[PDB]
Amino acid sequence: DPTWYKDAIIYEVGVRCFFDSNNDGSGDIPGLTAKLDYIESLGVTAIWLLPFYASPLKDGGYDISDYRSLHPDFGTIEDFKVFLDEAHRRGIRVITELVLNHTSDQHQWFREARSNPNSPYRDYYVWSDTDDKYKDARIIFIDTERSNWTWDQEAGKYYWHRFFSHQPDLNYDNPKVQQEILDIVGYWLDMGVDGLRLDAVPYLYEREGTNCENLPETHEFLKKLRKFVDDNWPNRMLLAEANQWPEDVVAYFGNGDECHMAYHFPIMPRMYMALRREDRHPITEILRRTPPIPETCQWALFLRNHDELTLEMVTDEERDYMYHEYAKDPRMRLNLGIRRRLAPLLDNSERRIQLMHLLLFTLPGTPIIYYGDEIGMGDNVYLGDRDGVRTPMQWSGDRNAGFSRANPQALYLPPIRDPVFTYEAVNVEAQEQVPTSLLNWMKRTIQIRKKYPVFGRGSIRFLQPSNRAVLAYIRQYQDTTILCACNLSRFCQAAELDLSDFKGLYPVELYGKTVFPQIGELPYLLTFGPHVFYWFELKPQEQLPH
């Protein structure tokens, strides 16, 4: 009930990308509502909607010019309320974006503030007569921005932006700014939205002689926001986009008094390294270096999202390794990251795609599926910024991949057309028809996961077999004990597990409930095909099947 987010399966979808219901070339909210059968049939329990508010769309809607209105291409407030009730009617929660940190430079606030130094809005933003303030803050969009200050001629001052120059940061030293945020929060939670994603949350406050990240004042505002939300809407959820090193990420949980969830940005790049190295150490090492979190808090697990695969919070040598291994074409790189989709990153290997999803589904947290990864969609690194991982959902082999009946040249972005990942080979309609497709494998795997709340809520203990290609761990919650063991190598592997804490129990494999040999006191030999992942419930004799 209050910890509902711990059991969710989250689907990350952009309204503009999913389904065009009126055939103008752009996805929309009524189109999203018409596809809820597919979303429900996948097994997801919560939809995280990328920004859908008024925006010039120069950063995919994260440059908002009016927090209270939908963008015209996506529909009306009333379309959204129809969506919100329809999803709730199916037991599907909804999570929306709170772009706390900055607005479009076309927001009215900034258009007033830049005009007259005496407007009530002048201090809504962060102004400076010199562009050497905040010397120690890095530039995030290093491929586009020369500086976090740009000159505004109408204002006679520089203004601050952590992201693109058309996204001026809000000023959290202005108590009115903070009040505008809380009112945006109330405006949307009032409609019944279940969760808010706190975008770019480490960058709220700036301070001189400081890197302007993770400042105590920022954490202070979030404790206030948490208390504000808890006092007026029960059982909501705040989700922190904090891509920092593990110690700094865990602080966004405060002590139960800050953010309910945070993305597990530390683990995400190490999964790709472990797989490529065929060695579990990157995964187990980064988790050893990740402090524990408050009891009611939850990690959000993900493999990919609407952004590049970020390499900001990995070491320099790890970044180079990841570049050389996963981004050999330099067009695949963007800022400190890799602008590629999951299936291309994994060379369209079905066994690797399944392995990575099983890891996503069996580590401690709440898994996010990025729209279209459940059919193995590809990318288009020629599209520009991160557009190449945001192409329309691939419903069929028809014109426009069934996303629209519009003139194909009017689509907001073209579907994937490369010879391996073309929508003529990768589409929902094709995969629905074969029981072994990636989509049906995902449906079945999610269905099993939902019978086992241990995965969202239980503890974890890692094993240490001497075969370094094998990653094995125990999940426990209440009366349920799970053994997960998988092979990170593209070759067959053998490993021996010390399961002596569970002598006398039987590993029962969750896919077909097949009974493996009883755990004795001797080490337990498992044997793996390439990239094979096993999950077993350890069960006593009186609970074996058949």
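The first residue of the shown sequence is 1; numbering continues from there.
Participant: Mean CA temperature factor from the deposited coordinates, higher in 245-253 or in 122-130?
Facilitator: Per the PDB record, 122-130.
Participant: Averaging the C-alpha B factors as listed in the entry, name the stretch that ends up higher: 165-173 or 258-266.
Facilitator: That would be 165-173.
Participant: Just grab whichever of 211, 305, 431, 380 has the top CA B-factor as deposited.
Facilitator: Among 211, 305, 431, 380, the highest C-alpha B-factor in the entry belongs to 211.
Participant: Highest CA temperature factor in the entry: which of 459, 427, 147, 391?
Facilitator: Result of the comparison over 459, 427, 147, 391: 147.
Participant: Quick check for you: using the entry's CA B-factors within this chain, is residue 26 in the lowest, middle or highest third?
Facilitator: CA B-factor rank for residue 26: lowest third.
Participant: Compared with the other modelled residues in the chain, in which third is the CA B-factor of residue 474?
Facilitator: According to the entry, residue 474 has a C-alpha B-factor in the chain's middle third.
Participant: Using the B-factor values recorded in the entry, state whether the Cα atom of residue 68 falls in the lowest, middle or highest third among the modelled residues of its chain.
Facilitator: Tercile = highest for this residue's CA B-factor.
Participant: What third of the chain does residue 522 rank in for C-alpha temperature factor, lowest, middle or highest?
Facilitator: Highest third.
Participant: Would the CA B-factor of residue 490 place it in the lowest, middle or highest third of its chain?
Facilitator: Lowest third of the chain for residue 490's C-alpha B-factor.
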